[PDB]
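I have placed the structure first, in the form of structure tokens, so that the comments after it can refer back to it.
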Amino acid sequence: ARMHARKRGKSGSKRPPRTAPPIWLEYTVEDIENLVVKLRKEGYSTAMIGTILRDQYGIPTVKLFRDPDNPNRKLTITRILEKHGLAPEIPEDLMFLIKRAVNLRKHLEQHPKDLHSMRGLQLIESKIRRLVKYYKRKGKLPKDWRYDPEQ
Amino acid sequence: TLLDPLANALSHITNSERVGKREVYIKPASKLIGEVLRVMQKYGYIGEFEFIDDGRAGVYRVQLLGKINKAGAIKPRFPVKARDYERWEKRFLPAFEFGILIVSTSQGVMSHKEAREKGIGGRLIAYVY
Amino acid sequence: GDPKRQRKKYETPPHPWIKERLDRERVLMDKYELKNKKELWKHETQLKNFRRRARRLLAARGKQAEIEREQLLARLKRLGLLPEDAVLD
Amino acid sequence: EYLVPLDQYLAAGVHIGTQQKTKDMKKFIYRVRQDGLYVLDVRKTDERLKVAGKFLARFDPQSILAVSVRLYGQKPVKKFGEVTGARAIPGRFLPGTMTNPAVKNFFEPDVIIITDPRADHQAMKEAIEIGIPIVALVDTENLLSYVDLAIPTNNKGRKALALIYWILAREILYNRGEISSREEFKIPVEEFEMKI
Amino acid sequence: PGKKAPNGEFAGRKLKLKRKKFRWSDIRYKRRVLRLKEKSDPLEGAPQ
Amino acid sequence: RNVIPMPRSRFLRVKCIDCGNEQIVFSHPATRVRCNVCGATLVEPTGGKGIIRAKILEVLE
Amino acid sequence: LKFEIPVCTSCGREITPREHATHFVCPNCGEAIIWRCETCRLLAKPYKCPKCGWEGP
Amino acid sequence: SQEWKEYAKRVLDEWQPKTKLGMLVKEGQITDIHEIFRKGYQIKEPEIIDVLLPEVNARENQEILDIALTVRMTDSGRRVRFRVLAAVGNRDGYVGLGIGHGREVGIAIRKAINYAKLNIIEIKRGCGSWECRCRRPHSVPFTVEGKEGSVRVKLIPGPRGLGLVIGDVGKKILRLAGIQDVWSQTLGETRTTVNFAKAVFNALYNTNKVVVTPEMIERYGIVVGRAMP
RNA sequence: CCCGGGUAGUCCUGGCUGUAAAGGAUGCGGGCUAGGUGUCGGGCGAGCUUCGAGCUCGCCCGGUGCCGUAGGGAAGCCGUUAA
RNA sequence: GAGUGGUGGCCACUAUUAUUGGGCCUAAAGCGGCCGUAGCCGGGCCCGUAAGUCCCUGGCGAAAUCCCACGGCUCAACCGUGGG
Ligand SMILES: [Mg+2]
Ligand SMILES: [Mg+2]
Ligand SMILES: [Mg+2]
Ligand SMILES: [Mg+2]
Ligand SMILES: [Mg+2]
Ligand SMILES: [Mg+2]
Ligand SMILES: [Mg+2]
Ligand SMILES: [Mg+2]
Ligand SMILES: [Mg+2]
Ligand SMILES: [Mg+2]
Ligand SMILES: [Mg+2]
Ligand SMILES: [Mg+2]
Ligand SMILES: [Mg+2]
Ligand SMILES: [Mg+2]
Ligand SMILES: [Mg+2]
Ligand SMILES: [Mg+2]
Ligand SMILES: [Zn+2]
Ligand SMILES: [Zn+2]
Ligand SMILES: [Zn+2]
Ligand SMILES: [Zn+2]
């Protein structure tokens with residue numbers, strides 16, 4: 001169910017089981033990497049790059065090609081960006097949640113009596129703390145990194 | 001959330017056999033479930049079963065024959081010594097050689113009769129009769 | 001702890017007034033001319049003990065179990081309660 | 001091929017269902033029209049009629065019971081019992097007819113024919129308790145619970161019921177050898193249906 | 001009410017604590033351990 | 001049967017009306033799809049299936 | 001010699017002494033005997049003749 | 001046994017059957033007790049049991065489990081009614097339980113005995129105890145359960161010569177069915193005699209619902225109906 | 001209790017108190033176990049149409065009601081929105 | 001039956017303390033609601049380790065007390081020699 005609202009939505013993607021790229025796909029690995037780098041330089045999010053690749057260039061998920069450098073793993077957008085040094089410093093979902101929290105706080109300064117919106121802020125910050133604990137455990141963030149809204 | 005794939009399979013089987021279903025699908029598959037199914041088939045409780053591959057953990061398809069009175073998992077997985085099988089039999093089974101207990105030993109998964117023949121213990125994981 | 005205290009060698013009925021048991025025991029007492037009920041009860045306990053030894057040894061296995069099984073059979077047929085070719089059952 | 005031409009089936013309205021459906025009846029349903037009404041497959045009806053005709057001919061003629069509470073089905077079952085020699089009970093089914101030996105008209109058949117499981121619920125309930133086979137005519141609305149042989153058809157129309165019972169009687173007579181061919185059965189279909 | 005808890009293999013301490021906690025609701029156990037009868041008995045525990 | 005999940009969307013090979021170029025597009029887009037050469041709009045996004053303003057040549061597997 | 005206990009054609013289980021079961025010759029061929037237990041009749045489970053292969057309630 | 005053969009012969013000649021099964025028994029097409037079970041027949045004439053199981057009329061094969069009197073309130077006082085719970089069996093493999101009502105005790109007893117015959121069932125017996133493996137039909141072949149009202153009953157196989165470790169109602173019912181040794185466990189209100197008896201009866205009936213293999217029949221010495229030496 | 005009047009309060013701004021038959025008298029997460037029939041939101045298919053963000057029918061997902069099978073219960077009853 | 005009754009205490013009765021093995025709509029009992037720290041419970045595959053776990057074998061856990069067979073007091077209670 002949902003983390004807080006306890007609903008049971010089921011909408012999502014239904015990926016068919018396949019291993020090799022389809023026959024009608026004609027792009028090579030290098031063309032895909034060039035496209036990804038170009039789209040990143042245009043300023044898109046990681047989730048948005050894949051959406052554009054699927055919708056406009058007819059490329060289902062790039063996780064159909066083996067990594068040319070590391071044969072033990074498949075290719076992902078973040079790995080491609082890391083190979084060129086364009087990867088985000090902070091994980092994207094954490095950044096999006098922090099950005100949502102900052103905008104909401106300046107709303108609550110002019111509307112101190114909007115109590116129903118404040119609970120949303122509390123839930124957002126709970127999610128942020130869960131994520132920061134997880135990322136500290138895996139080493140994606142410095143151990144001294146801390147979340148302070150007053151910053 | 002999901003905690004024990006093995007318990008779900010056995011509860012699903014015993015629920016289905018009480019309404020006369022002829023086949024079932026076990027949704028999260030694993031090696032342990034395959035071993036348990038092999039042991040169950042050896043004693044004639046089920047028919048043939050097969051593995052179906054999706055992009056996820058895989059599915060098991062099982063044929064039922066209507067020869068099961070009850071099947072369940074044992075939690076927690078109690079350790080048992082090589083000469084202590086009788087009291088667990090009295091706890092879970094209806095007669096002195098009625099049904100099987102399924103034991104995980106350092107030589108694989110097997111019924112408690114084979115384990116007692118080999119003279120080894122292990123961990124109880126399921127009962128079928 | 002406590003030191004040993006010698007215990008009774010017989011067992012009394014769970015309920016003192018049951019009609020069927022009273023009738024059966026009265027028939028036995030009249031037939032065999034015993035003095036009091038406890039004497040009868042004594043023999044009953046003996047019987048029970050034998051049975052309780054047979055039940056425990058049927059569900060056992062090992063090296064000592066076989067020795068005790070053969071000892072029980074030999075003792076029982078030495079008293080004249082079993083023929084020479086009897087088995088545990 | 002077919003017992004009667006499909007045009008006669010369609011003219012009698014055998015294929016017309018109702019506004020509702022059941023999961024276990026979908027093996028007989030042909031399609032659904034744009035107005036939400038379901039249609040029955042007629043070939044299945046013909047095959048089941050042939051099988052039922054074969055099945056009912058092996059019983060003793062006077063040990064067959066046919067019932068119909070619905071008004072439109074009372075005349076067909078009466079004529080069917082007259083032709084084949086089976087017992088027929090049109091109208092209200094007196095409770096205890098098959099379970100109470102003290103009743104004046106106590107009777108135990110070997111097989112029963114149910115015109116409509118919904119309307120004839122008392123007769124079906126009593127038939128379950130005595131362990132005899134059950135043959136029923138089922139529509140798109142009925143359930144197949146406790147039905148041992150099912151005949152999919154419209155069981156509420158007048159012409160439909162008349163035609164179904166006429167066909168069944170002819171099949172029984174042909175199978176038990178009282179007529180040497182299907183054509184020898186010289187009785188009009190109109191003689192089975194209620195007038196006005 | 002869900003399944004009785006705790007059932008875990010390594011949850012012995014909590015199970016023992018729960019059993020000890022709810023045993024004080026038994027009036028017979030409470031009077032024996034706290035010795036409530038001896039405190040108010042005019043006969044001071046004697047039979048005569 | 002339906003144990004394996006199968007998508008209801010498709011990939012399509014279409015031809016631009018203006019440029020004449022051919023592309024492959026997704027049938028359930030979440031963005032506005034435009035021709036890679038001339039920039040003309042090919043598919044408009046909606047709540048579910050998109051609206052196609054080009055000529056469909058083939059429905060790919 | 002002892003007697004044999006009838007067995008349901010659909011599910012293969014035995015018939016209990018006082019349940020609402022039924023038995024009859026095969027409608028299509030008439031050479032075999034079909035047994036149906038109470039549960040199979042209640043749930044409208046299909047059955048198949050062992051001789052001619054004709055099936056269904 | 002000699003008395004009951006001629007008793008059944010006397011009953012058979014002067015009996016006019018009213019049902020289909022009674023006709024089958026009268027004409028000699030059914031000659032054994034086991035042939036009226038497991039085929040969905042309805043049993044409505046007590047003479048069938050008298051002909052096929054004549055020994056259920058012996059005084060030692062009948063038991064009056066309980067007698068009670070119940071009251072209905074009216075503006076002209078209290079109307080009293082008698083309820084009698086009784087059981088019958090052949091001490092080999094068949095047992096029946098019944099309830100009868102009447103304005104006086106004798107009528108209720110007669111009707112209760114009559115209904116017990118119509119509810120007769122057959123069971124399975126064997127030996128399945130861990131500490132007695134003798135292949136003789138002296139106990140239940142395996143653990144069984146039954147329930148009625150608030151009463152739950154579980155029957156467990158026992159060693160030979162142990163006795164019936166159960167309340168008196170269970171003792172009588174099990175004795176009438178031909179069982180000598182058993183262990184038991186219960187929950188609920190056993191002082192309600194009707195529910196206790198019905199739960200024991202259901203537990204006995206449920207011996208037919210346990211799936212078994214041909215090896216088990218040899219292993220536990222399972223017997224259905226009469227022992228048949 | 002009924003009738004004619006009437007203070008605090010009921011209303012707004014800043015705090016404190018933390019209580020109800022605050023009741024679905026039913027703690028929360030996961031898997032499984034017949035059907036039938038209404039209604040709200042989204043999507044898909046077909047047919048109409050005054051071309052309307054319109055109408056009718058069928059299916060999938062998520063909510064919200066009723067009748068009911070196996071099972072459960074002391075019973076009232078609950079029954080894929082489980083007790 | 002040379003004993004048989006009264007009073008107090010512990011166990012059983014009792015699944016009225018429930019690990020085996022109880023309950024919480026209407027009978028005693030779901031915090032007025034939610035967020036979250038410790039604790040407990042945690043999805044699928046491959047490689048390694050061997051702490052838990054299982055098997056074999058050395059050194060220990062006095063005697064008395066308990067169970068079994070044989071032997072000595074007339075048998076027994078009791079005592080001795082062996083096996084547990
Ligand atoms: Mg001391
Ligand atoms: Mg009056
Ligand atoms: Mg009940
Ligand atoms: Mg309220
Ligand atoms: Mg819904
Ligand atoms: Mg309901
Ligand atoms: Mg007490
Ligand atoms: Mg209680
Ligand atoms: Mg609450
Ligand atoms: Mg409350
Ligand atoms: Mg895991
Ligand atoms: Mg270790
Ligand atoms: Mg010592
Ligand atoms: Mg001497
Ligand atoms: Mg001596
Ligand atoms: Mg000594
Ligand atoms: Zn173009
Ligand atoms: Zn069946
Ligand atoms: Zn056939
Ligand atoms: Zn035995």
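Labels used: A, B, ... for chains in the order of the structure tokens, numbers from 1 for residues in each chain, and numbers from 1 for ligands as shown.
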
List all protein, DNA and RNA residues that have at least one atom no more than 12 Å from any atom of ligand 7, counting only C-alpha atoms (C1' of nucleotides) and all ligand atoms, and write them as a PDB file with N, CA, C and O atoms (P, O5', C5', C4', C3', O3' and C1' of nucleotides), in the first residue's frame.
```pdb
ATOM      1  N   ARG E  28      -4.859 -14.993  42.442  1.00  0.00           N
ATOM      2  CA  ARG E  28      -4.251 -16.020  43.282  1.00  0.00           C
ATOM      3  C   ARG E  28      -2.741 -15.846  43.357  1.00  0.00           C
ATOM      4  O   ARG E  28      -2.141 -15.977  44.428  1.00  0.00           O
TER       5      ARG E  28
ATOM      6  P     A J  12      -0.858 -27.013  38.784  1.00  0.00           P
ATOM      7  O5'   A J  12      -1.806 -28.288  38.678  1.00  0.00           O
ATOM      8  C5'   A J  12      -1.434 -29.415  37.899  1.00  0.00           C
ATOM      9  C4'   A J  12      -2.400 -30.557  38.088  1.00  0.00           C
ATOM     10  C3'   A J  12      -3.807 -30.334  37.557  1.00  0.00           C
ATOM     11  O3'   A J  12      -3.918 -30.625  36.177  1.00  0.00           O
ATOM     12  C1'   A J  12      -3.919 -31.170  39.761  1.00  0.00           C
ATOM     13  P     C J  13      -4.788 -29.684  35.214  1.00  0.00           P
ATOM     14  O5'   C J  13      -6.267 -29.791  35.790  1.00  0.00           O
ATOM     15  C5'   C J  13      -7.027 -30.979  35.632  1.00  0.00           C
ATOM     16  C4'   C J  13      -8.266 -30.960  36.491  1.00  0.00           C
ATOM     17  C3'   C J  13      -9.282 -29.876  36.177  1.00  0.00           C
ATOM     18  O3'   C J  13     -10.120 -30.203  35.086  1.00  0.00           O
ATOM     19  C1'   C J  13      -8.909 -29.953  38.504  1.00  0.00           C
ATOM     20  P     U J  14     -10.637 -29.053  34.093  1.00  0.00           P
ATOM     21  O5'   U J  14      -9.336 -28.185  33.800  1.00  0.00           O
ATOM     22  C5'   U J  14      -9.311 -27.245  32.733  1.00  0.00           C
ATOM     23  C4'   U J  14      -8.251 -26.189  32.935  1.00  0.00           C
ATOM     24  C3'   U J  14      -6.921 -26.687  33.493  1.00  0.00           C
ATOM     25  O3'   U J  14      -5.855 -25.939  32.915  1.00  0.00           O
ATOM     26  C1'   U J  14      -7.826 -25.051  34.938  1.00  0.00           C
ATOM     27  P     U J  16      -9.706 -22.290  30.592  1.00  0.00           P
ATOM     28  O5'   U J  16      -8.994 -21.656  31.866  1.00  0.00           O
ATOM     29  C5'   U J  16      -8.102 -20.565  31.720  1.00  0.00           C
ATOM     30  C4'   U J  16      -7.960 -19.771  32.995  1.00  0.00           C
ATOM     31  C3'   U J  16      -7.096 -20.380  34.084  1.00  0.00           C
ATOM     32  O3'   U J  16      -5.721 -20.142  33.835  1.00  0.00           O
ATOM     33  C1'   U J  16      -9.066 -19.391  35.008  1.00  0.00           C
TER      34        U J  16
END
```

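Distance criterion 9 Å to chain J, applied with only C-alpha atoms (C1' of nucleotides), yields residues 1, 6, 7, 8, 10, 11, 14, 19, 22, 23, 25, 26, 45, 46, 47 and 48 of chain E on chain E.
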
Write out, as a compact mmCIF listing (two decimals), in the first residue's frame, the residues just selected, with N, CA and C atoms.
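Saved as again28.txt:
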```
# COMPACT_ATOMS: atom_id res chain seq x y z
N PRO E 1 -7.75 -8.01 15.74
CA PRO E 1 -6.55 -8.57 16.36
C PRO E 1 -5.83 -9.54 15.45
N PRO E 6 5.10 -11.96 20.46
CA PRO E 6 6.04 -12.24 19.37
C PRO E 6 6.22 -13.72 19.09
N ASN E 7 6.47 -14.07 17.83
CA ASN E 7 6.70 -15.45 17.44
C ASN E 7 8.11 -15.70 16.92
N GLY E 8 8.95 -14.67 16.86
CA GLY E 8 10.25 -14.82 16.25
C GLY E 8 11.17 -15.75 17.03
N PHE E 10 14.32 -15.30 17.75
CA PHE E 10 15.22 -14.59 18.63
C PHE E 10 14.49 -13.54 19.47
N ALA E 11 13.23 -13.81 19.82
CA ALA E 11 12.40 -12.89 20.58
C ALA E 11 12.03 -13.46 21.94
N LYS E 14 11.39 -10.67 25.03
CA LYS E 14 10.10 -9.99 25.00
C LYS E 14 8.97 -10.92 25.40
N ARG E 19 4.85 -12.48 29.45
CA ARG E 19 4.22 -13.44 30.35
C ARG E 19 4.34 -13.00 31.80
N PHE E 22 1.76 -9.99 32.46
CA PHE E 22 0.33 -10.24 32.60
C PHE E 22 0.00 -11.27 33.66
N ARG E 23 0.99 -11.82 34.35
CA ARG E 23 0.69 -12.77 35.42
C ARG E 23 0.21 -12.07 36.68
N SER E 25 -2.10 -9.99 36.86
CA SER E 25 -3.55 -9.86 36.80
C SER E 25 -4.26 -11.07 37.39
N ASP E 26 -3.53 -12.11 37.76
CA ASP E 26 -4.09 -13.29 38.40
C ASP E 26 -4.12 -13.05 39.90
N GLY E 45 -1.43 -17.63 60.54
CA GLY E 45 -1.05 -18.80 59.77
C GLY E 45 -1.20 -20.12 60.47
N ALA E 46 -1.73 -20.14 61.68
CA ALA E 46 -1.92 -21.39 62.39
C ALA E 46 -3.21 -22.08 61.94
N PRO E 47 -3.29 -23.40 62.07
CA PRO E 47 -4.55 -24.09 61.78
C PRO E 47 -5.55 -24.05 62.92
N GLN E 48 -5.09 -23.85 64.16
CA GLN E 48 -5.96 -23.79 65.32
C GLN E 48 -5.45 -22.71 66.26
```

Nearest-residue call for residue I:41, choices I:58, I:63, I:68, I:24, using only C-alpha atoms (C1' of nucleotides):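 So, comparing all the options, the nearest one is I:63.
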
Could you name the residues that touch residue F:24 at 6 Å or less, counting only C-alpha atoms (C1' of nucleotides), but leaving out those on the same chain fewer than 4 positions away, as a VMD selection string? (chain A and resid 58) or (chain F and resid 12 to 13)

Take the residues from that selection and write them out as an mmCIF file, in the first residue's frame, keeping N, CA and C atoms.
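again.cif written:
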```cif
data_model
loop_
_atom_site.group_PDB
_atom_site.id
_atom_site.type_symbol
_atom_site.label_atom_id
_atom_site.label_comp_id
_atom_site.auth_asym_id
_atom_site.auth_seq_id
_atom_site.Cartn_x
_atom_site.Cartn_y
_atom_site.Cartn_z
ATOM 1 N N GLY A 58 12.149 5.912 -30.483
ATOM 2 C CA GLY A 58 11.789 4.508 -30.586
ATOM 3 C C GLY A 58 12.757 3.573 -29.904
ATOM 4 N N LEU F 12 5.253 2.115 -33.335
ATOM 5 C CA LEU F 12 4.697 2.340 -34.660
ATOM 6 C C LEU F 12 5.737 2.974 -35.568
ATOM 7 N N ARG F 13 5.722 2.576 -36.836
ATOM 8 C CA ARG F 13 6.536 3.201 -37.869
ATOM 9 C C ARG F 13 5.645 4.138 -38.674
#
```

To test your reading of the structure, identify every residue in chain C that backbone DSSP assigns to alpha helix (DSSP H), and report it as an MDAnalysis selection string. chainID C and resid 19:32 37:58 63:78

Generate a file of the selected residues that holds C-alpha atoms, formatted as an mmCIF file, in the first residue's frame.
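See result08.cif below for the written result:
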```cif
data_model
loop_
_atom_site.group_PDB
_atom_site.id
_atom_site.type_symbol
_atom_site.label_atom_id
_atom_site.label_comp_id
_atom_site.auth_asym_id
_atom_site.auth_seq_id
_atom_site.Cartn_x
_atom_site.Cartn_y
_atom_site.Cartn_z
ATOM 1 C CA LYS C 19 -21.108 -48.390 40.463
ATOM 2 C CA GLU C 20 -19.551 -50.482 37.687
ATOM 3 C CA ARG C 21 -16.096 -50.528 39.275
ATOM 4 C CA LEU C 22 -17.582 -51.410 42.660
ATOM 5 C CA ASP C 23 -19.469 -54.358 41.160
ATOM 6 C CA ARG C 24 -16.436 -55.691 39.285
ATOM 7 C CA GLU C 25 -14.120 -55.410 42.283
ATOM 8 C CA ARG C 26 -16.715 -57.002 44.573
ATOM 9 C CA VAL C 27 -16.951 -59.996 42.236
ATOM 10 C CA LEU C 28 -13.166 -60.372 42.281
ATOM 11 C CA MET C 29 -12.946 -60.009 46.072
ATOM 12 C CA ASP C 30 -15.604 -62.669 46.602
ATOM 13 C CA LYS C 31 -14.041 -65.099 44.137
ATOM 14 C CA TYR C 32 -10.445 -64.939 45.375
ATOM 15 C CA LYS C 37 -9.401 -53.668 48.763
ATOM 16 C CA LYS C 38 -5.820 -52.398 49.018
ATOM 17 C CA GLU C 39 -4.463 -55.924 48.578
ATOM 18 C CA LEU C 40 -6.390 -56.206 45.316
ATOM 19 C CA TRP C 41 -5.197 -52.759 44.257
ATOM 20 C CA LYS C 42 -1.621 -53.861 44.891
ATOM 21 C CA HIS C 43 -1.860 -56.574 42.256
ATOM 22 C CA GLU C 44 -3.518 -54.167 39.838
ATOM 23 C CA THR C 45 -0.565 -51.806 40.110
ATOM 24 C CA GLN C 46 1.797 -54.658 39.274
ATOM 25 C CA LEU C 47 -0.115 -55.361 36.073
ATOM 26 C CA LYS C 48 -0.078 -51.704 35.081
ATOM 27 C CA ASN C 49 3.671 -51.429 35.552
ATOM 28 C CA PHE C 50 4.281 -54.318 33.164
ATOM 29 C CA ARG C 51 2.115 -52.656 30.535
ATOM 30 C CA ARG C 52 3.827 -49.310 31.034
ATOM 31 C CA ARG C 53 7.159 -51.007 30.383
ATOM 32 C CA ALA C 54 5.891 -52.663 27.206
ATOM 33 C CA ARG C 55 4.496 -49.418 25.793
ATOM 34 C CA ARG C 56 7.758 -47.551 26.367
ATOM 35 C CA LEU C 57 9.929 -50.242 24.762
ATOM 36 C CA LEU C 58 7.792 -50.600 21.628
ATOM 37 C CA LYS C 63 21.344 -50.948 22.405
ATOM 38 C CA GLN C 64 19.922 -50.706 25.934
ATOM 39 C CA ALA C 65 16.350 -51.034 24.655
ATOM 40 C CA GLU C 66 16.959 -54.541 23.296
ATOM 41 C CA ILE C 67 18.525 -55.647 26.587
ATOM 42 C CA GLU C 68 15.586 -54.330 28.595
ATOM 43 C CA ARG C 69 13.108 -55.881 26.150
ATOM 44 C CA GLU C 70 14.608 -59.356 26.457
ATOM 45 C CA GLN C 71 14.887 -58.958 30.239
ATOM 46 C CA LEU C 72 11.195 -58.061 30.481
ATOM 47 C CA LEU C 73 10.170 -61.055 28.378
ATOM 48 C CA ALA C 74 12.376 -63.443 30.360
ATOM 49 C CA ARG C 75 11.070 -62.153 33.691
ATOM 50 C CA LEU C 76 7.444 -62.406 32.577
ATOM 51 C CA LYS C 77 7.762 -65.984 31.365
ATOM 52 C CA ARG C 78 9.782 -66.982 34.436
#
```

Could you list the protein, DNA and RNA residues that have any atom within 6 Å of ligand 19, counting only C-alpha atoms (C1' of nucleotides) and all ligand atoms, and write them as a ChimeraX atom specification? /G:26,28-30,49,51-52,54

Generate the output file for the selected residues, N, CA, C and O atoms, as a PDB file, in the first residue's frame.
```pdb
ATOM      1  N   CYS G  26     -23.374 -43.519 -18.626  1.00  0.00           N
ATOM      2  CA  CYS G  26     -22.926 -42.424 -19.475  1.00  0.00           C
ATOM      3  C   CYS G  26     -24.035 -42.026 -20.442  1.00  0.00           C
ATOM      4  O   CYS G  26     -24.581 -42.890 -21.140  1.00  0.00           O
ATOM      5  N   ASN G  28     -23.941 -40.534 -23.301  1.00  0.00           N
ATOM      6  CA  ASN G  28     -23.636 -40.639 -24.722  1.00  0.00           C
ATOM      7  C   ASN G  28     -23.538 -42.091 -25.176  1.00  0.00           C
ATOM      8  O   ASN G  28     -24.174 -42.484 -26.157  1.00  0.00           O
ATOM      9  N   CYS G  29     -22.745 -42.901 -24.480  1.00  0.00           N
ATOM     10  CA  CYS G  29     -22.521 -44.287 -24.875  1.00  0.00           C
ATOM     11  C   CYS G  29     -23.279 -45.294 -24.027  1.00  0.00           C
ATOM     12  O   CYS G  29     -23.712 -46.323 -24.547  1.00  0.00           O
ATOM     13  N   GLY G  30     -23.449 -45.032 -22.735  1.00  0.00           N
ATOM     14  CA  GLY G  30     -24.167 -45.953 -21.878  1.00  0.00           C
ATOM     15  C   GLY G  30     -23.394 -47.182 -21.466  1.00  0.00           C
ATOM     16  O   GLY G  30     -23.999 -48.153 -21.004  1.00  0.00           O
ATOM     17  N   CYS G  49     -16.325 -38.937 -19.716  1.00  0.00           N
ATOM     18  CA  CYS G  49     -16.554 -40.377 -19.780  1.00  0.00           C
ATOM     19  C   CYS G  49     -15.242 -41.111 -20.034  1.00  0.00           C
ATOM     20  O   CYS G  49     -14.447 -40.679 -20.875  1.00  0.00           O
ATOM     21  N   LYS G  51     -14.831 -43.981 -21.506  1.00  0.00           N
ATOM     22  CA  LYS G  51     -14.886 -44.822 -22.695  1.00  0.00           C
ATOM     23  C   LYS G  51     -14.999 -44.007 -23.976  1.00  0.00           C
ATOM     24  O   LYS G  51     -14.152 -44.129 -24.864  1.00  0.00           O
ATOM     25  N   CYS G  52     -16.028 -43.169 -24.094  1.00  0.00           N
ATOM     26  CA  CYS G  52     -16.266 -42.424 -25.322  1.00  0.00           C
ATOM     27  C   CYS G  52     -15.647 -41.036 -25.317  1.00  0.00           C
ATOM     28  O   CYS G  52     -15.511 -40.435 -26.387  1.00  0.00           O
ATOM     29  N   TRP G  54     -16.946 -38.303 -24.191  1.00  0.00           N
ATOM     30  CA  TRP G  54     -17.926 -37.232 -24.072  1.00  0.00           C
ATOM     31  C   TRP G  54     -17.891 -36.671 -22.660  1.00  0.00           C
ATOM     32  O   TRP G  54     -17.752 -37.413 -21.686  1.00  0.00           O
TER      33      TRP G  54
END
```
